[PDB]
């Protein structure tokens, strides 16, 4: 379904700032953006809400919906399942809002194979040391999950240098600066949606 404005795919390693930046964008520009609410089998973190951050489901329920053809894409990431349901994107497109998706690098490649034609943005830390610091400060994951996330970060940061893969790469050193660069990448779309 190609409906409405060009969607936005935001990716980057675990801990890079994706959710922090997207929450800011949806607060400032609530009238023109809508968030695709993915399914995940991971457990919710304090403050996360079902139907807002994710649909938190069991492996059994997610497998039922996968088998029925309910997903545009799905991926295994650091021991859990994640995916973008068809209805998650339809809900935002039906409101004629810019659909924002937060997905991993596998999801980026999955979406490249669809008809969605998004802009692809990668948010990256200044270094893997800083990434680990931010992840361990958050400490919402077990040690095993952190190890998996740090390994995925190193692999996916190298893979994201692929030419033509990402339209924009933003280094999240300072959040205020990264957020301005996020809006810069979307500035013409934001202006059109306001008109």
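Rigid core here is just the name for the largest C-alpha set that superposes within 1.5 Å across the two forms. Numbering follows the first chain given and starts at 1.
- Averaged as a root mean square over residues and superposed structures in 6 other deposited structures of this protein, CA distances to the shown form are larger in 95-103; the pair compared was 120-128 and 95-103 with a core fit.
- Once the structures in 6 other deposited structures of this protein are superposed via the core, the pair 48-56 and 150-158 is resolved in favour of 48-56 as the more displaced stretch (C-alpha RMS).
- Of the two stretches examined, 97-105 and 120-128, the record assigns the greater average C-alpha temperature factor to 120-128.
- Looking at 40-48 and 164-172 together, the entry lists the larger mean B-factor for 164-172, computed on C-alpha atoms.
- Ranking 61, 68, 155, 26 by the C-alpha B-factor listed in the PDB entry places 155 at the top.
- Sorting the modelled residues of the chain by their CA temperature factor places residue 141 in the middle third.
- The deposited CA B-factor of residue 114 belongs to the highest third of values across its chain.
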